[PDB]
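Accompanying notes for the structure given below.
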Amino acid sequence: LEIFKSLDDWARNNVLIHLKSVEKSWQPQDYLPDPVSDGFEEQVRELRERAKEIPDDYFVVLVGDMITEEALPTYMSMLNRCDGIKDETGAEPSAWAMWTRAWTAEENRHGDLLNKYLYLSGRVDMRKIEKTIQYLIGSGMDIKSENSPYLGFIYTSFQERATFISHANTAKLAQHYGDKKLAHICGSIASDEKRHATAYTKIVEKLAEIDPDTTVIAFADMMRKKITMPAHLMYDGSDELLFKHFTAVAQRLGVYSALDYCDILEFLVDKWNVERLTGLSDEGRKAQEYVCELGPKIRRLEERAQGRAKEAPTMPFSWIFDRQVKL
Amino acid sequence: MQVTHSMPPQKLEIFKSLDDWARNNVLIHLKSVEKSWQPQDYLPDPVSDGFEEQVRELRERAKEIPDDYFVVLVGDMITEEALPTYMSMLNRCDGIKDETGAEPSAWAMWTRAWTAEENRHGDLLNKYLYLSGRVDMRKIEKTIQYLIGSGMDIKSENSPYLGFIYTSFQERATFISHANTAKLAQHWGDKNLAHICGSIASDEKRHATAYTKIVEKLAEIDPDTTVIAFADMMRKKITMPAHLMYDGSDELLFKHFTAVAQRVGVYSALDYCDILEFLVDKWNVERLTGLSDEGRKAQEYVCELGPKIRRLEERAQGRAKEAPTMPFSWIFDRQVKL
Ligand SMILES: CC(C)(C)C[C@@H](O)CC(=O)O
Ligand SMILES: CC(C)(C)C[C@@H](O)CC(=O)O
Ligand SMILES: [Fe+3]
Ligand SMILES: [Fe+3]
Ligand SMILES: [Fe+3]
Ligand SMILES: [Fe+3]
Ligand code: NA
Ligand code: NA
């Protein structure tokens, strides 16, 4: 508790440095048709022509990702549940509160940009997406970080890397289908995530230095709970298994898979020097061995899962007018 | 300086005991997702054959709406877009904050559902303003990023008494504001924009009703605490949620936006007075007895304040000069009268 107050100066010098000043930040308008341009109408027209060459399954993944981004208020609330770092007034001048608010401000651009791209595309049912967003924010999320900044920051380090990987992959696909402007959208959001992930990972690195036992134990606890996706409760008013189905599509398309999850786990183990730690408590060594260790186990389970996998299985999605895509 | 957790921890029991009451009296003011309007209901339909035509028509109608009005509408939209700030406010509130992110308490259910409803407000206004071609979206986006980064300091001190009084007041304020902007939209010949504003206003009426009902109940079971909290918030003055607004050039941006909204008749100090007087009546403040010196001080203050403010503000129109014009980045540094 006092550790985070004692780390305030450190955070100003080591965490806040990863924020881009508002003056130097990209904005959604940089990547959208310019509504004051004499060419606005043509720019929208061109966006729509490019979108016609993008298949439905990519739009399912892109919409799921946009909906996740749009639930931002949920995520700021999560960070603000964490003892030691939470903003106690809404304007607290602590390094930690300044970070939460500025991170949230950067994140807000992601949902904005993807929303308007999707709106202009004409390839998706915006009303059904809007319904899904309302259900999602109403449902919240249950990632089990409790009131722990250890859990919160470990979870966020993991999940920002996951979204970085997802967006980079989505950019690659956008470029594949001939849509450079959508590739740039995904690339810009991905660059935010790389930076955010680096910042959160740095915080946990410092915590591991000051208290290796508490940190490794929290890492193991989070991994046992599993890194639950932020929009795990998504629902559109018709598909009670919407998240499972969206996730299946995202996997098949190569945007995000169980193997990426394993890669992130092993990345963080390395970055926090978890395998190389020594002089831990009995509980600490148990946690160390568990996380070390978990990666290869999940990778083998995934390999066996792929081995026994039967043929999917096409599914309607309200987001694309009940048109069907392969699971 | 900051003050946190001013509510005595004993009173946590009150809100716990009111969970059932809140399901039956507060949650009833939410509309189901299936019955909710959505932004798409009021925007050109991107799957329609006539999408391009519909966008052209929105833009043609927008041309007939003055810059002054757009300044106020943008200010309104920027305020709406800072929604993460407001959910965090509710989620730092003793006795009602969501303990897990999905807590099945009445209070957390309300916070999440209210936030979900609020999300549509910004979404709709954002896309309207984007399509209009009348405003600088990049500057608006910069303003929003500054605002979320700044947060707000409305001084409700983690208290549901202070917080719910504040939200009762402010939801009524935004209702009046949206009702007036809808009325102006129709006057400028833009029926769809009128509907946009009217739909957001209809949410605010329900939300204001719900928050007002909570404070009414608190006034019934805890009259002293509630009236003291009411006087406390009025003494500090009801701070606008976007009071820290900044666009990277105008350090007095909030004051200037407020002056414009006041001049064009969207929201003014007399509306503020009307809300105060309405809430004094609604919570039966004058009709209270059984207080209690500091509570009697509070009751006196709150009942006498409204008359004092409008003496007074009318006066100060009166001594008021002859307003200069100011550029606003939101409208490409074009100028409107303050
Ligand atoms: C880790 C969270 C809960 C902060 C969610 C985060 O991935 C959202 C985002 O960065 O888009
Ligand atoms: C009162 C607040 C802080 C909940 C803000 C609210 O007025 C914003 C809104 O309802 O649009
Ligand atoms: Fe994001
Ligand atoms: Fe992110
Ligand atoms: Fe609103
Ligand atoms: Fe509201
Ligand atoms: Na958003
Ligand atoms: Na928004």
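Both ligands and their constituent atoms are indexed starting at 1 by order of listing. Letters go in sequence order (proteins before strands), and every chain restarts at 1.
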Given B/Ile148, B/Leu129, B/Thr143, the one that forms side chain to side chain contact (heavy atoms under 4.5 Å, CB included) with B/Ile78 = B/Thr143

For atom 5 (C) of ligand 2, which candidate among B/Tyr86, B/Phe169, B/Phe164 provides the closest heavy atom?
->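 Among B/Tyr86, B/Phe169, B/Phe164, the closest heavy atom to atom 5 (C) of ligand 2 belongs to B/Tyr86.
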
Measure the shortest side-chain to side-chain distance between [X] and [Y] over non-hydrogen atoms and say whether it is less than 4.5 angstrom.
X        : Y        : answer
B/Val74  : B/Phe257 : no
A/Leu79  : A/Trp103 : yes
A/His184 : A/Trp26  : no

Contact flag A/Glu160/the Fe ion (ligand 4), N/O/S atoms, threshold under 2.8 Å |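 Yes, within the cut-off.
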
Would you check the N or O atoms of [X], main chain and side chain alike, for any that come under 3.5 Å of an N or O of ligand 2?
X        : value
B/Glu118 : yes
B/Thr174 : no
B/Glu204 : no

Heavy atoms of other groups near A/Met98 CE, more than 12 under 6.0 Å |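 It does not: A/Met98 CE has 12 such atoms or fewer within range.
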
Please say which of A/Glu69, A/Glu70, A/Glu130 ends up in a side-chain hydrogen bond (donor to acceptor under 3.5 Å, both in side chains) with A/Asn115.
->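 When side-chain hydrogen bond (donor to acceptor under 3.5 Å, both in side chains) is applied between A/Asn115 and each of A/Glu69, A/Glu70, A/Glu130, only A/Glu70 qualifies.
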
Within reach of ligand 2, part of B/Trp114 (heavy-atom separation under 4.0 Å) = side chain

B/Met152 touching ligand 2 at heavy-atom level, < 4.0 angstrom = yes

Consider only side-chain N and O atoms of A/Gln251 and A/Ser257, and report whether a donor and an acceptor are under 3.5 Å apart.
->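 On atom types as modelled, these side chains do not qualify, holding no pair under 3.5 Å.
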
Would B/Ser199 and B/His195 count as a side-chain hydrogen bond (donor to acceptor under 3.5 Å, both in side chains) if you check the C-alpha gap in whole Å, the side-chain angles of each, and the deciding distance to 0.1 Å?
-> CA-CA 6 Å; B/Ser199 296; B/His195 296 156; over 6 Å; no

Protein contact to atom 2 (C) of ligand 2 [nearest heavy atom, distance to 0.1 Å] = B/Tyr166 CE2, 4.2 Å

Atoms in ligand 2 flagged as close to B/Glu80, the criterion being non-hydrogen separation under 4.0 Å =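 Under 4.0 Å from B/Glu80, ligand 2 has these atoms: 11 (O).
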
Under 4.0 Å from any heavy atom of B/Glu171, which atoms of ligand 2 are there?
->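 Here the atoms of ligand 2 in question are 10 (O).
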
Output the atom name for the N/O/S atom of B/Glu118 with the smallest distance to the Fe ion (ligand 6).
-> OE2

